[PDB]
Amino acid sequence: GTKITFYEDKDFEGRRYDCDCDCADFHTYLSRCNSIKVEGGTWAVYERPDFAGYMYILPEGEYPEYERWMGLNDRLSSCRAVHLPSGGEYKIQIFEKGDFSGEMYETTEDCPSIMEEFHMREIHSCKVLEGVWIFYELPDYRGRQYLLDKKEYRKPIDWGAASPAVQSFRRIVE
């Protein structure tokens, strides 16, 4: 029901590789990627194989250039589809310090600035109770991205960040 399309050159030119499911490594099929077409659903694309490296969240739409997904280079070699749970419920707990410690807040809302709403410059642990969320490195959903499926996150490395630099977050809705 879903599919994503990669192109080597800008504005949907050049060789192409299709994926309708979670592709773990296609760097042997594409030397680079400068255009992306998403047909159904929301995908997460990773720089390096096995869902590692930098990641980006691309909902249904067209992306003629690599800046349209706030990308930093034309290197992408893995991708996975984002299954959204049914029920409409979104709920997350964020903690000041590691292992679900420190002062904790719970919210069901997008937060464009954590420093202003919760007075925290960093986040070291997290519990995703309902739905799927994205952590952004900078406020107003700019900077590096990190996907958070559900389960629990004890350290910032568990969602893919070296530093605990997280300043905004929001939910994925289709």
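Residue numbers here begin at 1 and follow the sequence given.
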| message | Regarding 64-72 and 127-135, which shows the higher C-alpha temperature factor on average in the entry? | response | 64-72
| task | Would you tell me which stretch averages the higher CA B-factor in the PDB entry, 76-84 or 89-97? | result | 76-84
| For the listed residues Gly143, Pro49, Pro112, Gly40, which one has the largest C-alpha B-factor as given in the deposited model? | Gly40
| query | What third of its chain, lowest, middle or highest, does the C-alpha temperature factor of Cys23 fall into? | reply | highest
| message | Using only modelled residues of the chain, where does the Cα B factor of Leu147 rank: lowest third, middle third or highest third? | response | lowest
| query | Within this chain, which third does the Cα B-factor at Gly160 fall in: lowest, middle or highest? | reply | lowest
| note | So, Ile57's CA B-factor, relative to its chain, sits in which third? The middle
